[PDB]
Amino acid sequence: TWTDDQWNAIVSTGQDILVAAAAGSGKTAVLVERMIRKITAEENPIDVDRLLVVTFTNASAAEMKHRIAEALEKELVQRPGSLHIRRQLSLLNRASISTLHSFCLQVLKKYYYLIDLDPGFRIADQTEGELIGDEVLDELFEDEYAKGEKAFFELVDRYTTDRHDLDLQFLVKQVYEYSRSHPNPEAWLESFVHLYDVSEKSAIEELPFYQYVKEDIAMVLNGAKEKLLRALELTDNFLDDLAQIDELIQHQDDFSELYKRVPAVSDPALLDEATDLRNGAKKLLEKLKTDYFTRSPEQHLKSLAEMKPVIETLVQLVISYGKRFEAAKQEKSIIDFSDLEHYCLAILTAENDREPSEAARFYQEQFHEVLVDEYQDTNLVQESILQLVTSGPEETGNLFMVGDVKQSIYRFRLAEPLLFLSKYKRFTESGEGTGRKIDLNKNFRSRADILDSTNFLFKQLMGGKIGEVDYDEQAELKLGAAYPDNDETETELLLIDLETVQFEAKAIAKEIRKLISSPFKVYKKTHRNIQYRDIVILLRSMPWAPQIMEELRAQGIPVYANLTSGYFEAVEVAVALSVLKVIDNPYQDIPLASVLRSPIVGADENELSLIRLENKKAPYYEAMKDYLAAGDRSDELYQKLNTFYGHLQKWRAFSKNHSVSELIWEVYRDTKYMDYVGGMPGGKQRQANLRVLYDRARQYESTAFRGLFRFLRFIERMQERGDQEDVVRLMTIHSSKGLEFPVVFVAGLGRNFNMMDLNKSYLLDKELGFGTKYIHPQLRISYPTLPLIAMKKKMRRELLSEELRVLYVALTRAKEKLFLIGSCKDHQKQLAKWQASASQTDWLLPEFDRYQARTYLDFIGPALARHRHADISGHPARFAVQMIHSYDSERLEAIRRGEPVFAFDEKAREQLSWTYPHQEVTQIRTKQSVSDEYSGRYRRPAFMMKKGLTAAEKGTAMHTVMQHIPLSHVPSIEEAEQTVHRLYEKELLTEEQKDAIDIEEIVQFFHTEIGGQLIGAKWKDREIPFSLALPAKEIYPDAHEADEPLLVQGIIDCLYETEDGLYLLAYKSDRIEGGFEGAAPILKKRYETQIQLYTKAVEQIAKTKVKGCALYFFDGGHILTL
Amino acid sequence: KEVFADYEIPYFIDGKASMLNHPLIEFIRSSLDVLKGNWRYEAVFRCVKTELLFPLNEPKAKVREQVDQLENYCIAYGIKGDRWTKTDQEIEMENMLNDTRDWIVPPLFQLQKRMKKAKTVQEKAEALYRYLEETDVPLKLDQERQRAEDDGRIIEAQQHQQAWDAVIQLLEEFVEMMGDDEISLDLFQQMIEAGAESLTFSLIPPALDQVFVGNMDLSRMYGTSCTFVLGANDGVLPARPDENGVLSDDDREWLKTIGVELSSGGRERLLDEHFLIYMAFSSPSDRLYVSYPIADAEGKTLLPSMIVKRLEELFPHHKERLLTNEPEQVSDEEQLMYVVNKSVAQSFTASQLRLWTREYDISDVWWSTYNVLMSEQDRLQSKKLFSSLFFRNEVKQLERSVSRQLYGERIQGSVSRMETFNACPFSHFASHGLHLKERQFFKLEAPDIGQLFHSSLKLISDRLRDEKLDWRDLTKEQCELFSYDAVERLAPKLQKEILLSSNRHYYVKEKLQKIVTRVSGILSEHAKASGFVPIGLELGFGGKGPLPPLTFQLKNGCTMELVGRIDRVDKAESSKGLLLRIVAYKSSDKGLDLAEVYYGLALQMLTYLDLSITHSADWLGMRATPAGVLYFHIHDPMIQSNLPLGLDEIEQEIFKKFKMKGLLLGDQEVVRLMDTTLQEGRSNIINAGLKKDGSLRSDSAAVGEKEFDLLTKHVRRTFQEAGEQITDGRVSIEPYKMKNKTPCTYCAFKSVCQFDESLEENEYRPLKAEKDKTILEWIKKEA
DNA sequence: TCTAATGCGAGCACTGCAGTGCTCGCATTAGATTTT
Ligand code: SF4
């Protein structure tokens, strides 16, 4: 069965539809069914290729195809005579179901000729692409420096830390990369200046950015008052303060007014707690003052208008970068992932003087409906592409989108959830003359205590400017699980107070072992004890990942976490590269030493220093050689070196003829480093690391780069800048996604969010554009500009929204049990901070206090306190709080040298001593020609070479003639020429070959005895191809064991038959006269072997016998018999 | 190829091999690159390293090394473009460098003469050809052909002069079609480039007994017993309709209806895929294996194709095996299939013993395998391999016979050399013991910048005195002039004239200038206030110089003559007698942390101070008491204030930020001698203040003369205890973490020390952040 | 780089030379720390 909401999503039609699918909505199943119907229905079915389905991964798309396939089979078994249904089953491979990028690719491939794009274009990975950006940038900056334009230097002096210019070039990238999130980058770039065009005559309450200044003041002022009022309830001077505040609240609108007021005017438990509340006012007001009111509205304006010249320079720079970048790609026929979307949009839009091009029209025609998953993460470029392949205005049309704003956690990649949210508020629950929207509340996959705990917290947290979304019914999760009633399913909070992570990791570790030793049986299925793989620890970031893993594996099950970097500081990688470095250039003291001391060689410290002694001044490399040369053979350290120096020179030569990836593998199998690395702790991850280096070398050969040197720098770049077992899985909340677990630990909840983004001298924003500090290089003075401050306030409450959703996916990824684990300093006090916040009724916490939040605790804590004022504390959510004070053999030693002392003792012995019986024939060529790529046996350019022929080419020419000469009778010098000319006409002879033929030497043969005999005969044939199977030995004596037959193939020049028997004939252009009496013996032995094979072939295959064989020689016209 | 090479399985591949990795193809490409990108040294050595330019008859061994050394050179000196075309130790070197380029430049150079001059194709294709012959490519090729054979590789030897024809036929066809057509390198090279990519090697002829590895389309087979099918992945096996060619699937399908038949290509192929997988599945007589990988080359997920599903429909009860390199995941049976070869047996056993010590119960097949390998001849190696089982990165203490002859008779100490030791004993061994040197580049590093400032400042003095002038007599006009000229004299002679190399650097020039100009003005303002007058400047301390080195005698025949520099020493007369303080110019902010001093990380200032004090008596005939140690911050500031400021107040804020940080003396007068402008409140020149009563503030960085003479002694004992450990031959590895920071930051020797925390026995020695007093009393307790 | 965040020293108000809290101001000092 379905819910009415699912049923709606499945059957609705006639307009755009937005499906808000909560966690575990079963959206996939519903998405499948909807397509299944339109494709398999009695009324009037449609083919699959008429649908467009975009997903966020090729795996989920592939997943889509499988589930579509099954249902088709099922639908088929019932209608076994369905021609349409069977056909659809064949269309799934031709259907468009993929990531939007995957679609864009198909578009570019098809309509490439409309834009400027080389078919067979290549997609560069985000790495080489950036490395190209660095290059074009350096060229750009160099050109500007040389051009010496005034404006340029003003921009540089201003934004780069003098003493180096590095800082300017990532601002350029940062800006560029941002612009690409816009359907029209350039325009959006030129949009920057419009903000900085202002006068002292301008109204600040008007312009765009002040919106966030307005709302900021509103909060703080109100937050002040609301923070004071309680001090009054605590029960004088708070009325002076208060009255003054009210006076400010009256003028919240007038900014110029605030500049006049704000700057100028401004029990021992509850007694000393009421004083800090009054300080809250001070602190909040002081900040309010410093931010906006330390300078006049007029001076703020002047400060702004002054930076306009700079902003223009900056923009024109980024634009020049964009052009150069694109041009650089074109040269190498490549594109980025941004290009993929933008070129597609370019194809889809053909504007003259904005039009949905005829390419667009095709896709609008082709797709009857378009389905987009994870829509909350869509950007502007994608959306404009979507709106373009979708046919019809919003009221009607075939756009069908599904997702959940509450689960939008990717804004740092510039995804726009407001796009989804704007449509949700624009759409009605019905379909009347607008986009139809549907909600999926039921969570079929999670237990009640989960949904209740999650619904409980985010009801007091998500909302207004922090949540960006009102948390209400039709939004709240609803129970659809059939879970049996059981306890210890309660959500737990473990509060604890470098070692921070240690005390944090153990608390986690503990309850885990509680779970394992204790029953706790996970779940018409049946209960299951904890397999360690059903439990997971989710972190926001991965600085603690390594530390956690350690002690969690210190006792019991090990830990698996998907590590990203720290890869270049990995010992193996270091050593491996070190080896490649020495192979490239042996003259590097550090890289060489790093190898010699590594397990690969294993030199001692005394051995290393011993080496240097030989030569102190010279580089270490030859200090090693100098040790070798004069060294004594019986020396151990000498061995180690000599062996290594042997490999080095082998590797040196090897890379010369081979690729980098190949050399790497060779080094791995020569040193057995990868094998060795598998024998030390964590050797599994180490081996992986060692073989991704090989993979990256593979990815590197397909790039615009080549050679070992470039590869090294390539890796050097990555360094400098970017970089079925049952175990506890440690992973980021961001990587959690559609994944799901019985038990979920979310730790680090007591750690600050990353606000580092809002600090620097500049900020990039979608709406507002570019913002920066006022900076004067001559006066050496700088300070935040008004827009800058405005962009921060906005960005902070948007960044905070993101975190509340990140925390929302964390809790929803659980099916049965939850662990919330935070950390702080002083227990009680924070709970008092929380008490202060948790007073206000209405559920949803104070919009300002949520704002002040820094750490996840600041969200949970206060929302948790009020729980355990009617429904809030009676809410069917359960919790368990823990206040933690934070403080509370022979075989190896045999292996160390020799062997120990089995069931397989006998088999292991023979398999290692085994041999391939037919081995010695495995390297021998099957076919072997005698004169097709399947057989075996200093040229100068024709334009620089002579005019004539070579002895070989002449011979071939002479040969051809003899084989085409009519054997009817004895030809004359003339009749021979006629043949030579006929060949020439028919093109069996090149103009040269013709002129190179000596007719006499050809006619001569037919005057010899053999000639006359050839003429007069019962039967004759020439150019006779043959293949003769022989025992391998018969040719190759060397190998003696295997007697498998090989094919010897050749052509018998001539065979003729007389009343005597069968005779053989061969013409040879060998040079003789320069008598022939002495040449005969030599010639005889030259073709001695060949001729026997000929007769062999005839005698064995034809089962007749060859009596005598003649050879003719054009030089002198001789003959000899064998 | 790799896998089967290891597993010793002979095979035959349908496809052919690209020639893009062949020396001849490279040499050609890189050559054109050399004269297009205008002699980027990367390209030059790209050609030289195909060693087709190598001198004739001269032993390769040397040649390589000479080439490498030349490479290093070109890298550190940024040699490019025209630079190419333009007594004991340096002769050997510099001449080798002139010999090497002497056989490199001419051939590659003469070519560019030819190329650029030639207009049409044929003459360009020809100029290229000569470049090959005049360098004797054929000869050297043939030579290399031999070495391949003598090493057992004939196949490789065959591809050599087989590569020779490929390039020629390319030229021939080129000059055939467009030979007499005009054109220049831009397009000419592009076509050569596309020619190389297309170049192929002759298909490797089949052998009597081989495994047949080929495609699933046009490959043919006969009498096949067992057939394995690879990549049954979805999107792969029933290959998604390929989007290629000039005509779209739509176009072709349309043409059909007009009575025109073309190649299928689009959707028909997808119909034909089933026939092709049908022939594949029915190919073998005995067995059929259909496999698919779960993960990706990079780790992405991969699903099976619809074929596997249907196979499961025709054989619902058929189980499907698992292919893994983790034998413990399978039964003893399968685990016995890994012992196919010595090498692979080893590689697997090593990993099994590992996972075994981890408390996991392994299979006895590997114990058997172990004992077998342990009974052979190459036992030795396997033994090595298995030593990995217990590998703790171990540093064997040096011995006496080595440390002595290595480190030398006298250990000529440096304050920096001592800091590097106590930072991490191993780093010392690598730097001063093994004398390891990083590769030099043409980048201007942060430190060398400092060396500029010094010499600039030192230079400014000389001219001041020469005009009988002093910093305080200076004007804002003069500060600028004087400073600029200083960098003029210097810039060209700094770091391989990198400042003159590119445009970005000549901007970095006046950048460094404007800094000095400011610092010059600040010093003036500091001289008009300070009552301290400089005595010695850049005082030569140790070795050959104004002062005797300070010596260290300790048990075990130890000798430590440590040398050093003294940036500035200043004198001021008070009622308490002579006063001496030391100033050192610095790039960063903070100067002295007592916590760092305890562990001997910062001994610079305190050690300098002693000498000045101690030697004061003899030196200038008077006993001095320490005024303190100061750090001057060299930089051009950016103040940030919310308060609007006038030029008046701006100069104040700029001035305040050069406020010196360090360690002072805690009496009223010493402060006032350092800042004579100060009456009450805080000082902008130095970190100290004065209450109304005349006493200074608790915020002052000042301490009693006792504490000063306390630290000084501590620095001594450090040089002693750390001075002997060296002679003892201690090279151990012990990085510190304090406070939350480490010495491994930019440390170059990290790859040599190979420090691994996870691996036990390798630890970070912790140091604790300490209130200046908390390490103060610690010192007090020592003696 | 860069917000909080304590210190330390007096100036002032609050009440009885004089004391006590309170407050401000100026600086250095921690203490921090991304996602794919
Ligand atoms: S990185 Fe660490 S272990 Fe390595 S040399 Fe430096 S201080 Fe020593």
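Residues numbered from 1 in each chain as written, not as in the entry; some residues may be left out. Chains lettered and ligands numbered in written order. Part of a larger assembly, values for the part shown. Heavy atoms only, no water.

Broken down by element type, chain A carries 47 helices and 27 strands. The C-alpha radius of gyration computed for chain A amounts to 42 Å, which surpasses the reference 32 Å derived for 1122 residues by more than 25%, pointing to a less compact arrangement than a globule. Based on the C-alpha atoms only, the size of chain A along its principal axes is roughly 140 × 80 × 80 Å. Looking at chain A as a whole, 52% of its 1122 residues qualify as buried. Accessible area for chain A stands at about 53700 Å²; split by element, carbon and sulfur atoms hold 49% of it. (Helix = DSSP H or I, 4+ residues; strand = E, 2+ residues; numbered from the N terminus. Rg over C-alpha atoms; globule rule 2.2 N^0.38 Å. Buried < 20%, exposed > 50% of the residue type's maximum accessible area, 1.4 Å probe, protein only. Areas by Shrake-Rupley, 256 points an atom, 1.4 Å probe, with all protein chains shown as cover.)

So, about the site of the ligand. Around the ligand, a shell composed of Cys424, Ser427, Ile733, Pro735, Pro743, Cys744, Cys747, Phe749, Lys750 and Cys753 of chain B is seen. Within the shell around the ligand, the residues separate by chemical class into eight nonpolar, one polar and one charged. (Near = heavy atom within 4 Å. Nonpolar A, V, L, I, M, F, W, Y, C, P; charged D, E, K, R; others polar.)

Residues and elements named next belong to chain A. Following the criterion strictly, the structure yields 111 salt bridges over all chains and no others. One salt bridge connects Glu33 with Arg37, and the closest N-O pair in it is separated by 3.1 Å. On the criterion of helical spacing, the pair formed by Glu33 and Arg37 is a turn pair, its members being four residues apart in helix α2 (residues 27–39). By relative accessible area, which is 19% here, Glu33 ends up buried. Notably, a salt bridge pairs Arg411 with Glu468, separated by 2.7 Å at the nearest N-O pair. Pair noted here: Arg411 is in the loop between β7 (399–403) and α19 (417–426) and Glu468 is in the loop between α21 (464–467) and β10 (478–479), with a separation of 57 residues, a long-range link. (Salt bridge = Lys/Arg side-chain N within 4 Å of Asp/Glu carboxyl O.)

This next bit is on a negative patch on the surface. Together, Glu550 of chain A together with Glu394, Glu757, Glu760, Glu761 and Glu763 of chain B make up a negatively charged patch on the protein surface. The topology assignment puts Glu550 of chain A in helix α23 (residues 545–554). (Patch = residues over 30% accessible without salt bridge, like charges linked within 9 Å, V, L, I, M, F, W, Y side chains within 5 Å. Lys, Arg positive; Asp, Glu negative; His and termini not counted. Charge placed at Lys NZ, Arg CZ, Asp CG, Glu CD.)

Before going further, it helps to spend a moment on the interface of chain A and chain B. Counting residues at the interface gives 135 residues for chain A, matched by 168 residues for chain B. With both sides pooled, the region where chain A packs onto chain B buries about 13700 Å², and carbon together with sulfur makes up 54% of that total. The three residues of chain A that bury the most area against chain B are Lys656, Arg706 and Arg780 of chain A, which together make up 6% of that side's buried surface. On inspection of chain A and its partner chain B, the count reaches 23 salt bridges. Between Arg713 of chain A and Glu42 of chain B there is a salt bridge whose closest N-O contact spans 2.7 Å. Summed over the shared surface of chain A and chain B, the result is 72 residue pairs in polar contact. Broken down by element, the side of chain A that touches chain B gets its largest block of residues, seven residues, from helix α3 (residues 58–78) of chain A. Grouping the amino acids of the side of chain A that touches chain B by side-chain chemistry returns 53 nonpolar, 32 polar and 50 charged. (Contact = heavy atoms within 4.5 Å. Buried area = accessible area lost by both parts, 1.4 Å probe. Polar contact = N/O pair within 3.5 Å; in protein donor to acceptor, adjacent residues only side chain to side chain.)

Where interface size is quoted, it is often the accessible area lost as the parts come together. Per the domain assignment, the segments of chain B are domain 1 (1–16 + 203–323), domain 2 (17–202), domain 3 (324–392) and domain 4 (393–783). Here the C-alpha centroids of domain 1 of chain B and domain 4 of chain B sit 70 Å apart. (Domains from an automatic or database assignment.)

With respect to the helices and strands, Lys65 of chain A occurs in helix α3. Buried and unpaired, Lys65 of chain A has no salt bridge, with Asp234 of chain B as the nearest side chain of opposite charge at 4.9 Å. If sequence neighbours within four positions are ignored, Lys65 of chain A has contacts with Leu92, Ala95 and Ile97 of chain A together with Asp234, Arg240 and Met306 of chain B.

Take the sheet that holds strand β1 (residues 17–21) of chain A next. Neighbouring strands of a sheet are bound in pairs by backbone hydrogen bonds; such pairs are parallel or else antiparallel. Residue and element names in this part refer to chain A. Pairing within the open sheet is parallel, and its six strands lie in the order β3-β2-β6-β7-β1-β8. Edge strands, defined here as strands with exactly one partner in the open sheet, are β3 (96–99) and β8 (436–440). Across the sheet, the mean angle from the axis of one strand to that of its neighbour is 15°, orientation sign disregarded. Lying over the sheet, α3 contacts β2 (51–55) and β3, oriented at roughly 150° with respect to β3. Running at roughly 120° to β3, helix α5 (residues 100–111) makes contact with β2 and β3 of the sheet. (Pairing = 2+ DSSP bridges. Axes fitted to C-alpha atoms, helices over the stretch in contact; angles between N-to-C directions.)

All names here are of chain B. Going through the model one piece at a time under the given rule, you end up with 75 aromatic pairs over all chains. Aromatic side chains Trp39 and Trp84 sit 6.4 Å apart centroid to centroid with 35° between the ring planes, which places their arrangement in the tilted category. Placement of the pair is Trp39 in the loop between α2 (23–36) and α3 (41–48) and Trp84 in helix α5 (residues 82–85), with a sequence separation of 45 residues. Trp84 matches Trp39 in its accessibility class, with the two residues each being buried. (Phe/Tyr/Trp six-rings, centres within 6.5 Å; stacked < 30°, edge-to-face > 60°.)

Here is a general trend for soluble globular proteins: nonpolar side chains tend to be buried in one another's company. One finds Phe644 and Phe711 of chain A to be the most contacted residues of the largest nonpolar core, which totals 130 residues. Among the elements that line this core, the one with the most residues is helix α24 (residues 571–584) of chain A, at nine residues. In contact with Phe711 of chain A, other than residues within four places in its own chain, are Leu580, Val660, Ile664, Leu693, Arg696, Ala697 and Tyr700 of chain A. If you look at the next biggest cluster of nonpolar residues, it comprises 129 residues, including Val175 and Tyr292 of chain A together with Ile498 and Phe655 of chain B. (Core = buried A, V, L, I, M, F, W, Y, C linked by side-chain atoms within 4.5 Å.)

Residue and element names in this part refer to chain B. As for its position among the elements, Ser31 is in helix α2. Judged by relative accessible area, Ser31 falls into the buried class, the value being 0%. Those residues in contact with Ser31 that lie beyond four places of it in its chain are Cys47, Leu108 and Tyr131.

All right, on to unusual backbone geometry then. Across the junction of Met738 of chain B and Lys739 of chain B, the peptide omega takes the value -5°, indicating a cis bond. Within the chain, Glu468 of chain A stands out as a residue other than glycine whose phi angle is a positive 65°. Note on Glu468 of chain A: relative accessible area 26%, which makes it partly exposed. Located in the positive-phi region is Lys672 of chain A, a residue other than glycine, with phi close to 55°. Relative to the helices and strands, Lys672 of chain A is located in the loop between α29 (660–671) and α30 (673–677).

This part covers the protein's contact with DNA strand C. Around DNA strand C sit 29 residues, and of these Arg413 and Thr732 of chain A together with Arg682, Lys692 and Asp699 of chain B come closest. In the model, a phosphate oxygen of DNA strand C is placed 3.2 Å from a nitrogen or oxygen of the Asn759 of chain A main chain. Looking at side-chain class alone, the surface near DNA strand C contains five nonpolar, 10 polar and 14 charged residues.

Together, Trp254, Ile258, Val260 and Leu262 of chain B make up a nonpolar patch on the protein surface, roughly 400 Å² of accessible area in all. You can see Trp254 of chain B is positioned in helix α11 (residues 249–256).

Residues and elements named next belong to chain A. With 14 residues, helix α41 (residues 973–986) should reach 20 Å at 1.5 Å per residue; the first-to-last C-alpha distance of 20 Å fits that figure. All buried positions along α41 are accounted for by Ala976, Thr979, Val980 and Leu983. One side of α41 carries all its buried residues, which in axial view fall inside an arc of 95°. In this structure, α41 carries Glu974 and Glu985 as exposed residues pointing more than 90 degrees from its buried face. Those residues of α41 that are buried are in contact with α40 (951–964), α42 (991–996) and α43 (999–1003). (Expected span 1.5 Å × (residues − 1). Arc of directions from axis to C-beta.)

Residues and elements named next belong to chain B. Pairing in this open sheet of six strands is mixed, and the strands run β5-β8-β9-β10-β12-β15 from one edge to the other. One side of each edge strand has no neighbouring strand; the edge strands of this open sheet are β5 (533–541) and β15 (702–703). Bridging between strand β9 (residues 577–586) and strand β10 (residues 625–633) involves eight bridges; their strand directions are parallel. Among the inter-strand pairings, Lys586 is bridged to a residue of β10, identified as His633.

Our next topic: the environment of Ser285 of chain B. Residues and elements named next belong to chain B. By the secondary structure assignment, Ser285 is in the loop between α12 (268–281) and β4 (287–290). As a C-alpha pair, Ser285 and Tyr222 span 63 residues in sequence and 10.0 Å in three-dimensional space. What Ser285 contacts, discounting residues up to four positions off in sequence, is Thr224 and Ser225.

Attention shifts here to the pairing of strand β17 (residues 769–776) of chain A. Side chains on a regular strand alternate between the two faces of the sheet. All names here are of chain A. With eight of eight residues buried, β17 lies mostly within the body of the structure. As defined by bridge partners, strand β16 (residues 762–765) adjoins β17 across four bridges and the pair is classed as antiparallel. By the bridge assignment for β17, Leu763 is matched with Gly771. Where β16 folds back onto β17 in an antiparallel hairpin, the turn is made up of three residues. The sheet contact formed by β17 and strand β18 (residues 781–784) spans four bridges and is antiparallel. Bridge pairing in β18 places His776 opposite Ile781. Connecting the antiparallel pair β17 and β18 is a turn made up of four residues, with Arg780 showing a positive phi of about 65°.

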